[PDB]
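To begin, one chain is listed below as structure tokens, in the form deposited in one PDB entry.
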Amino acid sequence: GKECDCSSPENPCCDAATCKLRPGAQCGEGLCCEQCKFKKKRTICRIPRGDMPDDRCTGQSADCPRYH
């Protein structure tokens, strides 16, 4: 198999031939990806209801981990 970095072929962050990142793209998917770049560290990426901790981006990945 192949681990695609982009979920759809029109995504500018990947080559449509390969589904993998273009040179200069850090990411193509995720709550911590914007315009093919990782969002800044500590950007809030998940906001639960009520008085529960938000999660934040790490600056170095595209997911929104469990990071308060």
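When you see a residue number, it is the position in the sequence shown, counting from 1.
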{"query": "For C13, the third of its chain into which the C-alpha B factor falls", "finding": "lowest"}
{"query": "Third assignment of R49 from its chain's C-alpha B-factors", "finding": "highest"}
{"query": "Assigned third (lowest, middle, highest) for the C-alpha B factor of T43", "finding": "lowest"}
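Another form, the form solved in complex with a partner chain, is not on view; read the next lines as being about it.
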item: 4.5 Å heavy atom contact, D54 to its partner chain in the deposited bound form; value: yes
item: 4.5 angstroms heavy atom contact with its partner chain in the deposited bound form for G50; value: yes
